[PDB]
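Student: The following file, start30.cif, comprises mmCIF, C-alpha atoms; chains and numbers go by the auth columns:
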```
data_data
loop_
_atom_site.group_PDB
_atom_site.id
_atom_site.type_symbol
_atom_site.label_atom_id
_atom_site.label_comp_id
_atom_site.label_asym_id
_atom_site.label_seq_id
_atom_site.Cartn_x
_atom_site.Cartn_y
_atom_site.Cartn_z
_atom_site.B_iso_or_equiv
_atom_site.auth_seq_id
_atom_site.auth_asym_id
ATOM 1 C CA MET A 1 -8.470 -7.686 9.304 0.00 1 A
ATOM 2 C CA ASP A 2 -7.026 -4.320 10.260 0.00 2 A
ATOM 3 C CA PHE A 3 -3.397 -3.979 9.277 0.00 3 A
ATOM 4 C CA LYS A 4 -4.338 -5.742 6.131 0.00 4 A
ATOM 5 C CA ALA A 5 -7.294 -3.473 5.521 0.00 5 A
ATOM 6 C CA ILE A 6 -5.202 -0.309 5.245 0.00 6 A
ATOM 7 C CA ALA A 7 -2.144 -1.953 3.760 0.00 7 A
ATOM 8 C CA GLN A 8 -4.016 -4.127 1.318 0.00 8 A
ATOM 9 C CA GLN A 9 -5.539 -0.914 0.127 0.00 9 A
ATOM 10 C CA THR A 10 -2.237 0.886 0.479 0.00 10 A
ATOM 11 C CA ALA A 11 -0.566 -1.674 -1.813 0.00 11 A
ATOM 12 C CA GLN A 12 -2.750 -0.613 -4.738 0.00 12 A
ATOM 13 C CA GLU A 13 -2.594 2.980 -3.443 0.00 13 A
ATOM 14 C CA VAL A 14 1.161 3.225 -3.710 0.00 14 A
ATOM 15 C CA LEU A 15 0.960 1.125 -6.822 0.00 15 A
ATOM 16 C CA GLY A 16 -1.801 3.477 -7.729 0.00 16 A
ATOM 17 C CA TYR A 17 0.939 6.017 -8.065 0.00 17 A
ATOM 18 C CA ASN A 18 2.947 3.709 -10.318 0.00 18 A
ATOM 19 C CA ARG A 19 0.037 3.995 -12.727 0.00 19 A
ATOM 20 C CA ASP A 20 -0.524 7.661 -11.925 0.00 20 A
ATOM 21 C CA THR A 21 2.369 9.341 -13.621 0.00 21 A
ATOM 22 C CA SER A 22 1.623 13.031 -13.808 0.00 22 A
ATOM 23 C CA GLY A 23 1.563 16.254 -11.808 0.00 23 A
ATOM 24 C CA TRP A 24 5.143 15.626 -10.756 0.00 24 A
ATOM 25 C CA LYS A 25 8.661 16.462 -11.761 0.00 25 A
ATOM 26 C CA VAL A 26 11.911 14.575 -11.808 0.00 26 A
ATOM 27 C CA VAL A 27 14.141 15.944 -9.161 0.00 27 A
ATOM 28 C CA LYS A 28 16.791 13.288 -9.489 0.00 28 A
ATOM 29 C CA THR A 29 17.891 11.248 -12.481 0.00 29 A
ATOM 30 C CA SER A 30 21.113 9.420 -13.282 0.00 30 A
ATOM 31 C CA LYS A 31 21.291 7.043 -16.260 0.00 31 A
ATOM 32 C CA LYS A 32 18.865 4.334 -15.184 0.00 32 A
ATOM 33 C CA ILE A 33 16.846 5.898 -12.359 0.00 33 A
ATOM 34 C CA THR A 34 14.238 8.596 -12.144 0.00 34 A
ATOM 35 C CA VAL A 35 13.030 10.313 -8.969 0.00 35 A
ATOM 36 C CA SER A 36 9.860 12.287 -9.601 0.00 36 A
ATOM 37 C CA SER A 37 8.387 14.638 -7.043 0.00 37 A
ATOM 38 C CA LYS A 38 4.597 14.966 -6.962 0.00 38 A
ATOM 39 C CA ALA A 39 2.565 15.402 -3.769 0.00 39 A
ATOM 40 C CA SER A 40 2.607 13.779 -0.336 0.00 40 A
ATOM 41 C CA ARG A 41 -1.024 14.704 0.466 0.00 41 A
ATOM 42 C CA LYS A 42 -0.622 13.028 3.868 0.00 42 A
ATOM 43 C CA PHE A 43 1.925 15.738 4.618 0.00 43 A
ATOM 44 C CA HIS A 44 2.379 19.391 3.687 0.00 44 A
ATOM 45 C CA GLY A 45 5.100 18.529 1.203 0.00 45 A
ATOM 46 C CA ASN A 46 5.590 16.359 -1.853 0.00 46 A
ATOM 47 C CA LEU A 47 5.985 12.657 -2.617 0.00 47 A
ATOM 48 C CA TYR A 48 9.039 11.216 -4.315 0.00 48 A
ATOM 49 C CA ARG A 49 8.859 8.327 -6.760 0.00 49 A
ATOM 50 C CA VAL A 50 12.034 6.722 -8.061 0.00 50 A
ATOM 51 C CA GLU A 51 12.118 4.502 -11.133 0.00 51 A
ATOM 52 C CA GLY A 52 15.024 2.351 -12.229 0.00 52 A
ATOM 53 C CA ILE A 53 15.397 -0.728 -14.378 0.00 53 A
ATOM 54 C CA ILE A 54 17.481 -3.361 -12.669 0.00 54 A
ATOM 55 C CA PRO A 55 18.794 -5.989 -15.160 0.00 55 A
ATOM 56 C CA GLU A 56 17.526 -8.862 -13.061 0.00 56 A
ATOM 57 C CA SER A 57 14.378 -10.788 -12.335 0.00 57 A
ATOM 58 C CA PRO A 58 11.773 -9.164 -10.073 0.00 58 A
ATOM 59 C CA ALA A 59 12.205 -12.345 -8.082 0.00 59 A
ATOM 60 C CA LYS A 60 15.714 -11.574 -6.925 0.00 60 A
ATOM 61 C CA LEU A 61 14.515 -8.043 -6.433 0.00 61 A
ATOM 62 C CA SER A 62 11.776 -9.190 -4.081 0.00 62 A
ATOM 63 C CA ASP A 63 14.432 -11.571 -2.771 0.00 63 A
ATOM 64 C CA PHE A 64 16.799 -8.872 -1.491 0.00 64 A
ATOM 65 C CA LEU A 65 14.482 -6.196 -0.048 0.00 65 A
ATOM 66 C CA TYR A 66 12.172 -8.882 1.255 0.00 66 A
ATOM 67 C CA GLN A 67 12.402 -8.402 5.020 0.00 67 A
ATOM 68 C CA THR A 68 15.222 -9.001 7.485 0.00 68 A
ATOM 69 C CA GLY A 69 17.535 -11.499 5.928 0.00 69 A
ATOM 70 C CA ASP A 70 20.074 -9.449 4.012 0.00 70 A
ATOM 71 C CA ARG A 71 18.193 -6.229 3.320 0.00 71 A
ATOM 72 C CA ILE A 72 19.737 -4.442 6.253 0.00 72 A
ATOM 73 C CA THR A 73 22.917 -6.418 6.208 0.00 73 A
ATOM 74 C CA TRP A 74 24.504 -5.520 2.863 0.00 74 A
ATOM 75 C CA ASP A 75 22.727 -2.174 2.512 0.00 75 A
ATOM 76 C CA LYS A 76 24.096 1.351 2.822 0.00 76 A
ATOM 77 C CA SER A 77 21.224 3.126 4.565 0.00 77 A
ATOM 78 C CA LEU A 78 19.954 0.179 6.601 0.00 78 A
ATOM 79 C CA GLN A 79 20.982 -0.822 10.093 0.00 79 A
ATOM 80 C CA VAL A 80 18.750 -3.124 12.104 0.00 80 A
ATOM 81 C CA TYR A 81 15.534 -5.007 11.388 0.00 81 A
ATOM 82 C CA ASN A 82 13.210 -6.402 14.034 0.00 82 A
ATOM 83 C CA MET A 83 10.077 -8.326 13.224 0.00 83 A
ATOM 84 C CA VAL A 84 7.589 -6.640 15.560 0.00 84 A
ATOM 85 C CA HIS A 85 4.073 -7.885 14.846 0.00 85 A
ATOM 86 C CA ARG A 86 3.341 -9.835 11.699 0.00 86 A
ATOM 87 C CA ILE A 87 -0.343 -9.995 10.916 0.00 87 A
ATOM 88 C CA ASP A 88 -0.217 -12.827 8.404 0.00 88 A
ATOM 89 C CA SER A 89 2.298 -14.299 5.973 0.00 89 A
ATOM 90 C CA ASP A 90 2.231 -11.262 3.666 0.00 90 A
ATOM 91 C CA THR A 91 1.437 -8.514 6.121 0.00 91 A
ATOM 92 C CA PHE A 92 4.244 -7.514 8.444 0.00 92 A
ATOM 93 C CA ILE A 93 5.362 -4.618 10.542 0.00 93 A
ATOM 94 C CA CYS A 94 9.008 -3.702 10.503 0.00 94 A
ATOM 95 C CA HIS A 95 11.097 -2.142 13.209 0.00 95 A
ATOM 96 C CA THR A 96 13.758 -0.886 10.840 0.00 96 A
ATOM 97 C CA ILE A 97 16.622 1.227 12.120 0.00 97 A
ATOM 98 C CA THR A 98 17.762 3.259 9.157 0.00 98 A
ATOM 99 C CA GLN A 99 20.845 5.305 8.401 0.00 99 A
ATOM 100 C CA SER A 100 18.843 7.759 6.309 0.00 100 A
ATOM 101 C CA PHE A 101 20.930 10.721 7.321 0.00 101 A
ATOM 102 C CA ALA A 102 22.069 13.395 4.906 0.00 102 A
ATOM 103 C CA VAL A 103 25.648 13.389 6.184 0.00 103 A
ATOM 104 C CA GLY A 104 24.924 15.460 9.287 0.00 104 A
ATOM 105 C CA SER A 105 21.680 17.433 9.188 0.00 105 A
ATOM 106 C CA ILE A 106 19.759 14.257 9.958 0.00 106 A
ATOM 107 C CA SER A 107 19.959 11.674 12.728 0.00 107 A
ATOM 108 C CA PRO A 108 19.358 7.902 12.142 0.00 108 A
ATOM 109 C CA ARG A 109 15.686 6.964 12.084 0.00 109 A
ATOM 110 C CA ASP A 110 13.414 4.212 13.285 0.00 110 A
ATOM 111 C CA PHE A 111 11.099 2.967 10.574 0.00 111 A
ATOM 112 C CA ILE A 112 7.974 1.275 11.842 0.00 112 A
ATOM 113 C CA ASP A 113 6.335 0.583 8.555 0.00 113 A
ATOM 114 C CA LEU A 114 3.460 -1.821 8.290 0.00 114 A
ATOM 115 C CA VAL A 115 4.212 -3.640 5.163 0.00 115 A
ATOM 116 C CA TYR A 116 2.073 -5.609 2.809 0.00 116 A
ATOM 117 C CA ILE A 117 3.742 -7.741 0.162 0.00 117 A
ATOM 118 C CA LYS A 118 1.684 -8.208 -3.003 0.00 118 A
ATOM 119 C CA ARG A 119 2.350 -10.030 -6.259 0.00 119 A
ATOM 120 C CA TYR A 120 0.320 -8.770 -9.148 0.00 120 A
ATOM 121 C CA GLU A 121 0.534 -11.813 -11.435 0.00 121 A
ATOM 122 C CA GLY A 122 3.570 -11.059 -13.582 0.00 122 A
ATOM 123 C CA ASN A 123 2.978 -7.356 -13.202 0.00 123 A
ATOM 124 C CA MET A 124 4.485 -6.296 -9.859 0.00 124 A
ATOM 125 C CA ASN A 125 5.928 -7.790 -6.704 0.00 125 A
ATOM 126 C CA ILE A 126 5.522 -4.869 -4.356 0.00 126 A
ATOM 127 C CA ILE A 127 6.032 -4.420 -0.670 0.00 127 A
ATOM 128 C CA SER A 128 3.811 -1.636 0.607 0.00 128 A
ATOM 129 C CA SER A 129 4.768 0.135 3.819 0.00 129 A
ATOM 130 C CA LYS A 130 2.900 2.462 6.198 0.00 130 A
ATOM 131 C CA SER A 131 4.526 4.115 9.129 0.00 131 A
ATOM 132 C CA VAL A 132 1.972 2.728 11.410 0.00 132 A
ATOM 133 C CA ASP A 133 1.387 3.778 14.935 0.00 133 A
ATOM 134 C CA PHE A 134 1.099 0.421 16.559 0.00 134 A
ATOM 135 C CA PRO A 135 1.773 -0.292 20.267 0.00 135 A
ATOM 136 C CA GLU A 136 4.221 -3.148 19.803 0.00 136 A
ATOM 137 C CA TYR A 137 6.980 -0.611 19.409 0.00 137 A
ATOM 138 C CA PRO A 138 7.573 2.933 20.699 0.00 138 A
ATOM 139 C CA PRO A 139 10.613 4.874 19.316 0.00 139 A
ATOM 140 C CA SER A 140 12.863 7.338 21.128 0.00 140 A
ATOM 141 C CA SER A 141 14.616 10.648 20.611 0.00 141 A
ATOM 142 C CA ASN A 142 17.733 8.781 19.471 0.00 142 A
ATOM 143 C CA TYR A 143 15.687 7.042 16.798 0.00 143 A
ATOM 144 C CA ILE A 144 12.766 8.873 15.338 0.00 144 A
ATOM 145 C CA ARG A 145 10.012 6.650 14.071 0.00 145 A
ATOM 146 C CA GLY A 146 10.010 7.908 10.527 0.00 146 A
ATOM 147 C CA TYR A 147 6.541 8.819 9.413 0.00 147 A
ATOM 148 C CA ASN A 148 6.597 7.209 6.021 0.00 148 A
ATOM 149 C CA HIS A 149 2.931 7.672 5.152 0.00 149 A
ATOM 150 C CA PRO A 150 1.378 4.874 2.977 0.00 150 A
ATOM 151 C CA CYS A 151 4.402 4.415 0.762 0.00 151 A
ATOM 152 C CA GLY A 152 5.761 1.273 -0.817 0.00 152 A
ATOM 153 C CA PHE A 153 8.198 -0.376 -3.138 0.00 153 A
ATOM 154 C CA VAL A 154 7.064 -1.999 -6.333 0.00 154 A
ATOM 155 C CA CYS A 155 9.131 -4.284 -8.516 0.00 155 A
ATOM 156 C CA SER A 156 7.627 -4.617 -11.966 0.00 156 A
ATOM 157 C CA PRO A 157 8.515 -7.304 -14.544 0.00 157 A
ATOM 158 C CA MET A 158 9.564 -5.300 -17.612 0.00 158 A
ATOM 159 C CA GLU A 159 9.162 -6.142 -21.254 0.00 159 A
ATOM 160 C CA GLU A 160 12.193 -8.388 -20.829 0.00 160 A
ATOM 161 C CA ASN A 161 10.554 -9.666 -17.625 0.00 161 A
ATOM 162 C CA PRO A 162 13.244 -12.030 -16.084 0.00 162 A
ATOM 163 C CA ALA A 163 16.075 -10.190 -17.811 0.00 163 A
ATOM 164 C CA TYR A 164 15.132 -6.646 -16.845 0.00 164 A
ATOM 165 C CA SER A 165 12.887 -5.491 -14.037 0.00 165 A
ATOM 166 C CA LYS A 166 11.307 -2.171 -13.221 0.00 166 A
ATOM 167 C CA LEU A 167 12.214 -1.063 -9.729 0.00 167 A
ATOM 168 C CA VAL A 168 9.883 1.756 -8.702 0.00 168 A
ATOM 169 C CA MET A 169 9.487 3.140 -5.183 0.00 169 A
ATOM 170 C CA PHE A 170 7.342 5.875 -3.672 0.00 170 A
ATOM 171 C CA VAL A 171 7.695 7.732 -0.410 0.00 171 A
ATOM 172 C CA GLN A 172 5.888 10.721 1.116 0.00 172 A
ATOM 173 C CA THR A 173 7.863 10.894 4.304 0.00 173 A
ATOM 174 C CA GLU A 174 6.907 13.425 6.981 0.00 174 A
ATOM 175 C CA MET A 175 10.470 14.322 8.100 0.00 175 A
ATOM 176 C CA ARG A 176 8.994 15.274 11.476 0.00 176 A
ATOM 177 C CA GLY A 177 12.487 15.948 12.758 0.00 177 A
ATOM 178 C CA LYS A 178 14.499 19.144 12.512 0.00 178 A
ATOM 179 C CA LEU A 179 15.186 19.396 8.793 0.00 179 A
ATOM 180 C CA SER A 180 14.928 22.274 6.365 0.00 180 A
ATOM 181 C CA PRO A 181 13.495 22.329 2.787 0.00 181 A
ATOM 182 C CA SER A 182 16.969 21.875 1.273 0.00 182 A
ATOM 183 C CA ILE A 183 17.731 18.976 3.647 0.00 183 A
ATOM 184 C CA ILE A 184 14.715 17.114 2.576 0.00 184 A
ATOM 185 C CA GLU A 185 15.576 17.890 -1.028 0.00 185 A
ATOM 186 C CA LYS A 186 18.633 15.838 -0.159 0.00 186 A
ATOM 187 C CA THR A 187 17.008 13.276 2.134 0.00 187 A
ATOM 188 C CA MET A 188 14.283 11.901 -0.182 0.00 188 A
ATOM 189 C CA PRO A 189 15.712 11.978 -3.769 0.00 189 A
ATOM 190 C CA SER A 190 19.095 10.690 -2.683 0.00 190 A
ATOM 191 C CA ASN A 191 17.607 7.984 -0.483 0.00 191 A
ATOM 192 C CA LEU A 192 15.346 6.581 -3.202 0.00 192 A
ATOM 193 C CA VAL A 193 18.204 6.232 -5.678 0.00 193 A
ATOM 194 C CA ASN A 194 20.025 4.627 -2.798 0.00 194 A
ATOM 195 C CA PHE A 195 17.178 2.170 -2.292 0.00 195 A
ATOM 196 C CA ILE A 196 17.733 1.356 -5.927 0.00 196 A
ATOM 197 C CA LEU A 197 21.462 1.222 -5.332 0.00 197 A
ATOM 198 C CA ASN A 198 20.936 -1.278 -2.618 0.00 198 A
ATOM 199 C CA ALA A 199 18.968 -3.010 -5.316 0.00 199 A
ATOM 200 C CA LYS A 200 21.722 -2.764 -7.899 0.00 200 A
ATOM 201 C CA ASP A 201 24.289 -3.958 -5.390 0.00 201 A
ATOM 202 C CA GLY A 202 22.109 -6.322 -3.387 0.00 202 A
ATOM 203 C CA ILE A 203 20.955 -7.989 -6.580 0.00 203 A
ATOM 204 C CA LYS A 204 24.541 -8.621 -7.599 0.00 204 A
ATOM 205 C CA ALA A 205 25.354 -9.424 -4.010 0.00 205 A
ATOM 206 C CA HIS A 206 22.816 -12.170 -4.570 0.00 206 A
ATOM 207 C CA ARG A 207 23.811 -12.896 -8.177 0.00 207 A
ATOM 208 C CA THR A 208 27.504 -12.106 -8.404 0.00 208 A
ATOM 209 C CA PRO A 209 30.134 -13.632 -6.043 0.00 209 A
ATOM 210 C CA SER A 210 30.334 -10.256 -4.303 0.00 210 A
ATOM 211 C CA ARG A 211 29.669 -11.852 -0.926 0.00 211 A
ATOM 212 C CA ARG A 212 33.418 -11.804 -0.333 0.00 212 A
ATOM 213 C CA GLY A 213 32.769 -8.456 1.277 0.00 213 A
ATOM 214 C CA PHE A 214 30.311 -9.954 3.735 0.00 214 A
ATOM 215 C CA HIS A 215 28.976 -6.957 5.638 0.00 215 A
ATOM 216 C CA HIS A 216 27.136 -8.001 8.816 0.00 216 A
ATOM 217 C CA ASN A 217 25.483 -11.387 9.397 0.00 217 A
ATOM 218 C CA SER A 218 22.574 -11.474 6.953 0.00 218 A
ATOM 219 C CA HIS A 219 20.405 -13.739 9.099 0.00 219 A
ATOM 220 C CA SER A 220 22.307 -12.957 12.297 0.00 220 A
#
```
With the file now loaded, output its structure as structure tokens.

Tutor:
Amino acid sequence: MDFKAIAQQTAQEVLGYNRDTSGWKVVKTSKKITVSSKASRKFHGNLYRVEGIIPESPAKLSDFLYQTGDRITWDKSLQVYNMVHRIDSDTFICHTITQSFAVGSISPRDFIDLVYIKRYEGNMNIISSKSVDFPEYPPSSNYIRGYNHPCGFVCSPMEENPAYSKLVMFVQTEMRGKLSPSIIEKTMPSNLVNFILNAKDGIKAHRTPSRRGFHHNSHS
């Protein structure tokens, strides 16, 4: 193992932050979501963890953000997914073109996150993700391989398990491009809620007959 080694650890590392709730500060809350800024550690900044309960089963949650089959199709900040080098059946690497731009101070990014999908028995169905510097894909200046250090995306069965699920995501992005403190204050908090919005909308895109607005071919 190799990709698994770091990711398999990174799963419980990012999840390790789901169970490490302190030393941070909510930067962004609405009425069901909670972005809390702590520390990136793998970057001279801070990490952002968003937390929202989506009234659905963690199954449909892990059904929408799964990989390349609708994730980027019905989303708002997603563009293109390319399955670069999958290590096993639960350890992938994503070439994800993202639209994570704060209106104008940011250009679209290329996310090469090595991603490990883990199901903690009725506890969490997380996809971990590490912006991994693997040779199967080099980015460009038009698309900046976003350095999303060992982050992830955990979906936790709540007390109402199939009825309500705990969507919690962490990211300690490097923003190695030309952004300023206040841009990043916009880029991370607003993107995490938006990853939950994709969840709110993608979940009902899956659940509700809201496929009448079929945006892009889900499976091409």

Student: Starting from the PyMOL selection byres ((chain A and resi 112) around 10), expand the selection into actual residues of this file and give them as a CSV table (one decimal) with C-alpha atoms, keeping the file's coordinate frame.

Tutor:
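Generated file (expr.csv):
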```csv
chain,number,residue,atom,x,y,z
A,81,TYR,CA,15.5,-5.0,11.4
A,82,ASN,CA,13.2,-6.4,14.0
A,83,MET,CA,10.1,-8.3,13.2
A,84,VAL,CA,7.6,-6.6,15.6
A,93,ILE,CA,5.4,-4.6,10.5
A,94,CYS,CA,9.0,-3.7,10.5
A,95,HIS,CA,11.1,-2.1,13.2
A,96,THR,CA,13.8,-0.9,10.8
A,97,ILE,CA,16.6,1.2,12.1
A,109,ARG,CA,15.7,7.0,12.1
A,110,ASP,CA,13.4,4.2,13.3
A,111,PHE,CA,11.1,3.0,10.6
A,113,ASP,CA,6.3,0.6,8.6
A,114,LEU,CA,3.5,-1.8,8.3
A,115,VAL,CA,4.2,-3.6,5.2
A,129,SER,CA,4.8,0.1,3.8
A,130,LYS,CA,2.9,2.5,6.2
A,131,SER,CA,4.5,4.1,9.1
A,132,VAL,CA,2.0,2.7,11.4
A,133,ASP,CA,1.4,3.8,14.9
A,134,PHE,CA,1.1,0.4,16.6
A,136,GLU,CA,4.2,-3.1,19.8
A,137,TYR,CA,7.0,-0.6,19.4
A,138,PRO,CA,7.6,2.9,20.7
A,139,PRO,CA,10.6,4.9,19.3
A,144,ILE,CA,12.8,8.9,15.3
A,145,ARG,CA,10.0,6.6,14.1
A,146,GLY,CA,10.0,7.9,10.5
A,147,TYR,CA,6.5,8.8,9.4
A,148,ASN,CA,6.6,7.2,6.0
```

Student: With all atoms listed in the file as the counted atoms, please give the residues lying no more than 8 Å from residue 219 in chain A, apart from itself and same-chain residues fewer than 6 positions off, as a PyMOL selection string.

Tutor: chain A and resi 68-70

Student: Could you check which of A:128, A:161, A:173, A:107 is closest to residue 141 in chain A, using all atoms listed in the file?

Tutor: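 For residue 141 in chain A, the nearest of the candidates is A:107.
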
Student: Can you measure CA of residue 125 in chain A to CA of residue 102 in chain A for me? One decimal in Å is fine.

Tutor: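 Separating CA of residue 125 in chain A from CA of residue 102 in chain A is a distance of 29.1 Å.
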
Student: Could you name the residues that touch range 181-188 of chain A at 8 Å or less, counting all atoms listed in the file, but leaving out those on the same chain fewer than 5 positions away, as a list in words?

Tutor: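 Surrounding residues, per the criterion: residues 48, 100, 101, 102, 105, 171, 173 and 175 of chain A.
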
Student: Enter the distance from CA of residue 3 in chain A to CA of residue 92 in chain A, in Å, rounded to one decimal.

Tutor: 8.5 Å

Student: Can you give me, as a ChimeraX atom specification, the residues this file yields under the PyMOL selection byres ((chain A and resi 203-206) around 10)?

Tutor: /A:54-65,70,74,196-202,207-214

Student: Using only C-alpha atoms and a cutoff of 10 Å, can you tell me which residues are near (12.5, 10.5, -14.9) in the file's coordinates, and write them out as a VMD selection string?

Tutor: chain A and resid 24 to 37 49 to 52

Student: How many Å separate CA of residue 127 in chain A from CA of residue 153 in chain A?

Tutor: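 Here the two named atoms are 5.2 Å from each other.
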